[PDB]
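# Per-entry structural report
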Amino acid sequence: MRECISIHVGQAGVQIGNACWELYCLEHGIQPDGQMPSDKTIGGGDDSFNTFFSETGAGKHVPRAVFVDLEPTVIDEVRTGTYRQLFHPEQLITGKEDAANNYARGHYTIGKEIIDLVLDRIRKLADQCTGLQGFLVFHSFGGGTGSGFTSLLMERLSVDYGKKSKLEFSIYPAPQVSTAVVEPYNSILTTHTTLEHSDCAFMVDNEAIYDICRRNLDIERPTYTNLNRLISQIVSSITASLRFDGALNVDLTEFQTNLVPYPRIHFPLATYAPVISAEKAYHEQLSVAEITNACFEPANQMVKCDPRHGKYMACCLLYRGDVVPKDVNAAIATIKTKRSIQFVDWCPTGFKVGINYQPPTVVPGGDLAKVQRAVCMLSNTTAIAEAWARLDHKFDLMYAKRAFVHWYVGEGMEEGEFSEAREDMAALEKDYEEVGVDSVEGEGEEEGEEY
Amino acid sequence: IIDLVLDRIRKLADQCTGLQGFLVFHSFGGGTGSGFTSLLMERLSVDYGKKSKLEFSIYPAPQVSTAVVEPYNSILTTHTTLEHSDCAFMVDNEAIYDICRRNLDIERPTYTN
Amino acid sequence: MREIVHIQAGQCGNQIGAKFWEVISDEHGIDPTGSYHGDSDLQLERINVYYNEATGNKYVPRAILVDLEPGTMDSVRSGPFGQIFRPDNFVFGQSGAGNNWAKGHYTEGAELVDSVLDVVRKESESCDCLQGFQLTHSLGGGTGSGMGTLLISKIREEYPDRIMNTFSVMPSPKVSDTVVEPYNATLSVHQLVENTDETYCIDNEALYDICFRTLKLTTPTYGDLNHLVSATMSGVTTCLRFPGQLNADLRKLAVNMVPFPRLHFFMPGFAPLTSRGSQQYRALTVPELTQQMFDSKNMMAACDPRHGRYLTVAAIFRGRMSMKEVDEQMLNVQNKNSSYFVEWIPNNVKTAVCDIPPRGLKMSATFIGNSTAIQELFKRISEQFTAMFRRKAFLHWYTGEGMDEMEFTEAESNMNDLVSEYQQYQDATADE
Amino acid sequence: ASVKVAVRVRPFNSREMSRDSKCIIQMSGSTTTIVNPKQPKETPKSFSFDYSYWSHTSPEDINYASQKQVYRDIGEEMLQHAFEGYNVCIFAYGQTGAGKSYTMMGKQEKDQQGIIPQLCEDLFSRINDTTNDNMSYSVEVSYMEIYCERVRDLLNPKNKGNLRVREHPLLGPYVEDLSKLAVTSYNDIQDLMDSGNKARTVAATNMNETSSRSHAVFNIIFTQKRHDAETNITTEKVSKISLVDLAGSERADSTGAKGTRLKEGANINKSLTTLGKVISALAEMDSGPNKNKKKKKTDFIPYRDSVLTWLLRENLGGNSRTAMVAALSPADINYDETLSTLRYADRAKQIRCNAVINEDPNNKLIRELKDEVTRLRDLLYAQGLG
Ligand SMILES: CC(=O)O[C@H]1C(=O)[C@@]2(C)[C@H]([C@H](OC(=O)c3ccccc3)[C@]3(O)C[C@H](OC(=O)[C@H](O)[C@@H](NC(=O)c4ccccc4)c4ccccc4)C(C)=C1C3(C)C)[C@]1(OC(C)=O)CO[C@@H]1C[C@@H]2O
Ligand SMILES: Nc1nc2c(ncn2[C@@H]2O[C@H](COP(=O)(O)OP(=O)(O)OP(=O)(O)O)[C@@H](O)[C@H]2O)c(=O)[nH]1
Ligand SMILES: Nc1ncnc2c1ncn2[C@@H]1O[C@H](COP(=O)(O)OP(=O)(O)NP(=O)(O)O)[C@@H](O)[C@H]1O
Ligand SMILES: Nc1nc2c(ncn2[C@@H]2O[C@H](COP(=O)(O)OP(=O)(O)O)[C@@H](O)[C@H]2O)c(=O)[nH]1
Ligand SMILES: [Mg+2]
Ligand SMILES: [Mg+2]
């Protein structure tokens, strides 16, 4: 029973959770009311996969989800929506104001009196679980709740459970586009928790996904629904290895064993290759080589960063559908001969491969074409440093004059939690710069004894 | 296993009247045909003594062979084949293969021939 | 009555063992449900080498299945021959090693090793005359390598006089499926060189090359690799089961192939292999099998024999054939390729002949080489090992589970010493 | 420094007296003569060793060697080498039931004690006599056996487990979890010796009533310290004294072994055969590079083929000064075996070690640089430039 508990914090977290749970319900043939007529039609089976859904006596299936936010609006949209009967009635929503783009308000003042209930319900979910693999936390940098309350919850979880993996999916601020004036402060103040407590953090950018939607899917006016659906596809590709049979299955521990060389560099990028519209699904073969090559194109990255400016440290490919090992081997072999893709000299292997038989599903009303093959790549590289550096600059431009600071100090913080965070960012950037340097020439300086 | 073999040989000898000798068939190179032959010949020489003991053995060939450790096994049987046997006849697989090929016109002989 | 206990570990070992039990089961004539539906009288004569006899005229294979992820076990049970195995031998836990040798050997496997040894002891006590064991696993993986090494160590502790075989799938230059293969491979090879009598080397690159070039297949899967490997395993131990003009026990192969204790890494091969399109053209005879066995492209280890010397070789033929032809062909192979054999082992070719071929063939042959070219493989791993150990690329995962740099250093030193011990005999012209 | 070689011949025992008692071993000076009993016409083959010892007759004075004689000649020399700061070893060799237990351990109740007790007593006397305000000494003991490719500890109380052999990257092989006991007086180490000799595995065979069944290694770690508050360095010297008693080779026909006693013997023979190869291998290499040209291209020594050769990697060659004591049997019936020992002994002197021994490489570098500065300053002063 490869059980995984999902936690959604903030508006971005709740909406990505809506998309994710729509996809999960469609994958296993669960109706919006929690019933599964597939078993009744067939007679019995294991289709109620215990990764996400828990089966009660009467044939209903309750998801292993925990939605949290400080605004009643975002989750009251779910309590009276299509999926109102699917979730347990307990949704952990503080009937008060919100963090208000304020890390201090979400971490110290209002984050209290809601953390205890959240931890209690997480404990109740964990008690029902046997062989719990880890957590999947969804949130967004730049928001008050998704920064402060996520920090508090991650701290408490690291205190309590400790050894269980805690993966992170977060929406990083874009370089140019933004939706708040105090995004850099909230983003920078979360580095301590996203570093010390998480085991692997996946970052995505709205500008990159908008570019992908405009260029590949030919959607000129996308909304957040398309972005959430793409992120849901990414998470499903990650988690499919422990729900369906396959030639090579990759658990959540193999992830961390293969992708993170050192504890402090666990920030891999993610990407999905066969992102294509229904009309353009024709005129294309969609073979293993094509999707595998498209995973490495800088235009297809989900974060505004150029891999050509850095070096690849580790790669994990997860294939779905009608795929065979020899095509994957040929794709990796032809990739290794390209000079535009550089690997660090101290990781000569540089690839982890997993294959799953279940092909990706299509959500009605969606925009992704039905395909026979797919691949999700997760790549730990050094180009991500750039994504920090720009944001770091922005932070300085506001902290030189102490703008917007009185709101933060008026809720419980002092200015030093505003420098300590900056120094931690600087140290992280120094680490990323140091790891990517080539080994010094003949690293034992030089050698050669008599004979 | 040597004790049981000597018991059966004792029974056969007791049945026999005016026994003349033993015809021992074995093969150098093989572990059993060397070591157990040495044991059996030692015990037979100790027990019967004056009865004749003739060997018919397959000596290793100069060129072709079926094992890597043939010379050790063959050399370690010198004591047995010298001190205890009264007259040992040696045959070679290569010679019989040549005889079959030239005289009997058999191009692909096997061990039956 | 000689007989073998069988152990399987990891995904690769489990799948290869499943395919192997389907092949051996045909030769002996065994229904998937367990009943016997053969035609020849000699199939049941020595069936006890692999199969225990149940009450209702059924036959249960003497197999042990080991893993830490339950999923593979399900794939064995929900299969063509899933019901043949007894449920009591399915030993497994939860929370697999995750490609971490430390978890497999020290932390997780240390708890399941007791149960696995309990089942092994139960099987071995009922044996009339236990010959030896054989283990199938992958060195470059997680639970497979670690639990295989641990079980090998424990069994050699408890059964020192019995043969301990091993079929290992090691990393490849181009074919790589895990980032941390060198660490697992190095530690596994350090464990194997001490506690094993025979170790057959198998590489996915060589099997894919055989499939593409020899068998001309277009879309090979792991089924074909398992097919070739299982054919080799059935070829190795033919002589315990069926009569022959000149038999060859496992101990005979061990004695004749191993000149010194640490040099027991073999290169396997099988013949004939014809692609299903050229079957009507070639004549099948002993010279053809001899030519195909010694061909460089037919080996299963992806190490060219031309880059070294053959310390020893063994040829096990199956079929009705003349001994004179076999001896002449082996002598000709020795004489013509004078520079690829060592100069202080005269007649370094073991020969065995069995009178019962496979069911669909008139003739077959298996080749077990022992040559210095294998050093190349180890060298490659060592190179990659250094490239990660000098910077400590992924060492925190291993040191967090209760290891230290000293084990890595001693494993690397042992591997280098083995690599040096092969080269010694590799060069010609022993004088200066 | 070449390996030191001693040979010794013992008197007749009951088995020799019951059977033919013809002697074949003769000794004169440093020369040992062996004569083939089956071929009196043949040459009286002889070997020249560093030391030879005749213990056949005690009243007479024909180069008679008591235990104290061999002890002075070999053990006292090697102990003096140890005091200078050199790792040091003495190891026994020969065949079954010849002289190893008598030579190395001896009979404790009698005055004819073996090398190990006399070395230990002299070492304790020297450390107690030469003690001073500045000088100081420390000593530590350990004692292990190799039974069937498995290491066991004797001085420790009952530990049914078998220790694990490991490899420090700089210091080479060692035995993990080995009970290294601190000792302070001769009586205490004597008690440890008695307990260790009691704990060994010994079984009776036809060749000897007390045939040893396991190799034994006795290690003494000695530390020499000089205290000064201004310039001198404490822990000036550290040395390892290794006395090795090897179980001798056996023949199944004469030994009469069966079952376990046979199997043990087989392992012993294996542990000896590999050892012989190593000795031979080592000799040729240290003969070749030294005499041939100086090529030093590549030579492999099969150290790893047995645990005995693995643990003694630094003793048989490398960073130690080593002595080899061979035990002979005067019996004529033993000739074909006895000569074998001599042959390896004749090769044993060819082996050449490489021992320097230092400590605290930081202090090594500092001392080297300071000595260079002092030498250059003295040269400048002498030439008028200082
Ligand atoms: C001669 C004929 O008309 O059919 C042959 C055939 O065409 C060839 C091509 C067969 C065929 O092999 C393959 O096509 C193949 C594909 C992938 C991997 C391995 C083999 C055959 O499939 C394989 C099959 O092999 C057997 O039946 C053996 O007994 C084999 N057992 C099994 O394959 C087997 C598989 C599942 C269940 C039960 C048995 C065996 C081999 C060694 C030791 C023991 C058993 C045979 C003779 C043939 C076919 C069917 C075409 C060959 O294989 C073997 C092992 O015999 C390919 O090289 C040989 C040469 C044969 O001529
Ligand atoms: N991809 C994606 N991003 C979103 C979505 N909703 C919000 N975001 C991101 O979230 C950022 C705003 O922070 P929020 O997470 O909404 O803050 P919050 O969770 O509402 O918490 P409060 O600030 O206290 O209200 C914006 O910059 C968006 O980029 C969404 O539906 N999809
Ligand atoms: N030079 C000697 N003078 C007097 N007694 C001796 C002499 N050499 C050996 N002995 C005695 O003869 C017996 C055989 O010697 P011993 O030392 O026990 O053989 P060993 O070296 O132990 N052979 P092993 O222990 O199997 O390797 C013992 O009782 C010794 O005390
Ligand atoms: N020949 C063969 N090799 C396999 C198969 N499955 C996996 N492998 C190899 O095994 C390696 C992965 O090891 P794995 O089985 O995951 O080890 P485990 O995690 O301990 O069970 C890869 O490098 C593959 O090349 C198979 O079915 N056949
Ligand atoms: Mg909000
Ligand atoms: Mg003794």
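Structural notes, computed from the coordinates. (Residues numbered from 1 in each chain as written, not as in the entry; some residues may be left out. Chains lettered and ligands numbered in written order. Part of a larger assembly, values for the part shown. Heavy atoms only, no water.)

## Thoughts on the overall build of chain D
A tally of regular secondary structure across chain D gives eleven helices and 16 strands. A compact globule built from 386 residues would reach a C-alpha radius of gyration of about 21 Å, and chain D, at 23 Å, matches this within 12%. Projected onto its principal axes, the C-alpha positions of chain D cover 80 × 50 × 45 Å. Within chain D, the proportion of its 386 residues that are buried is 45%. Accessible area of chain D: about 20,200 Å², with a carbon and sulfur share of 48%. Positive and negative side-chain charges in chain D, numbering 53 and 49 respectively, have mean positions lying 7 Å apart. (Helix = DSSP H or I, 4+ residues; strand = E, 2+ residues; numbered from the N terminus. Rg over C-alpha atoms; globule rule 2.2 N^0.38 Å. Buried < 20%, exposed > 50% of the residue type's maximum accessible area, 1.4 Å probe, protein only. Areas by Shrake-Rupley, 256 points an atom, 1.4 Å probe, with all protein chains shown as cover. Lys, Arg positive; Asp, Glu negative; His and termini not counted. Charge placed at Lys NZ, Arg CZ, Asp CG, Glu CD.)

## Examining the interface of chain C and chain A
Contacts between the two partners involve 28 residues from chain C, matched on the other side by 32 residues from chain A. With both chains or domains summed, chain C and chain A bury close to 2,900 Å², and 54% of this area falls on carbon and sulfur atoms. If you sort the residues of chain C by the area they bury against chain A, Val179(C), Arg391(C) and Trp397(C) come out on top, with a joint share of 23%. Summed over the shared surface of chain C and chain A, the result is one salt bridge. Among the ionic pairs, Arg390(C) bridges to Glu443(A), the shortest N-O distance being 3.7 Å. Inspection of the region where chain C meets chain A yields eleven residue pairs in polar contact. Among the elements of the structure, α7 (204-213), α12 (375-389) and α13 (395-399) of chain C are those that each provide at least two residues to the side of chain C that touches chain A. (Contact = heavy atoms within 4.5 Å. Buried area = accessible area lost by both parts, 1.4 Å probe. Salt bridge = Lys/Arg side-chain N within 4 Å of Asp/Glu carboxyl O. Polar contact = N/O pair within 3.5 Å; in protein donor to acceptor, adjacent residues only side chain to side chain.)

## Looking at the sheet that holds strand β6 (residues 129-138) of chain C
Residue and element names in this part refer to chain C. The ten strands lie next to each other as β5-β4-β1-β6-β7-β8-β9-β12-β10-β11, forming an open sheet whose pairing is mixed. For this open sheet the edge positions go to β5 (90-92) and β11 (349-354), each flanked by a neighbour on one side alone. Recorded for the sheet is a direction-independent mean angle of 20 degrees between the axes of neighbouring strands. In this sheet, β11 lies alongside strand β10 (residues 310-319) in parallel orientation, the contact comprising six bridges. Following the sheet pairing, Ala 314 is matched in β11 by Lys 350. The sheet strands contacting helix α11 (residues 323-336) are β10 and β11, and the helix crosses β11 at an angle near 155 degrees. (Pairing = 2+ DSSP bridges. Axes fitted to C-alpha atoms, helices over the stretch in contact; angles between N-to-C directions.)

## Side note on the site of ligand 4
With respect to spatial proximity, 17 residues lie near ligand 4, and among them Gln15(C), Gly142(C), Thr143(C), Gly144(C) and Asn204(C) are the closest. Each of chains A and C places residues near ligand 4. Between an oxygen atom of ligand 4 and a side-chain N or O atom of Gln15(C), the distance comes to 2.7 Å. Contact between ligand 4 and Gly142(C): an oxygen atom at 2.9 Å from a main-chain N or O atom of the residue. Here ligand 4, which alone exposes 580 Å², has 91% of that area covered by the protein. Looking at the shell around ligand 4, the elements that each hand over two or more residues are α1 (10-28), α5 (143-158) and α8 (222-236) of chain C. Ranked by residue count, the leading element in the shell around ligand 4 is α1(C), at four residues. Residue composition of the shell around ligand 4, by class: four nonpolar, eleven polar and two charged. (Near = heavy atom within 4 Å. Nonpolar A, V, L, I, M, F, W, Y, C, P; charged D, E, K, R; others polar.)

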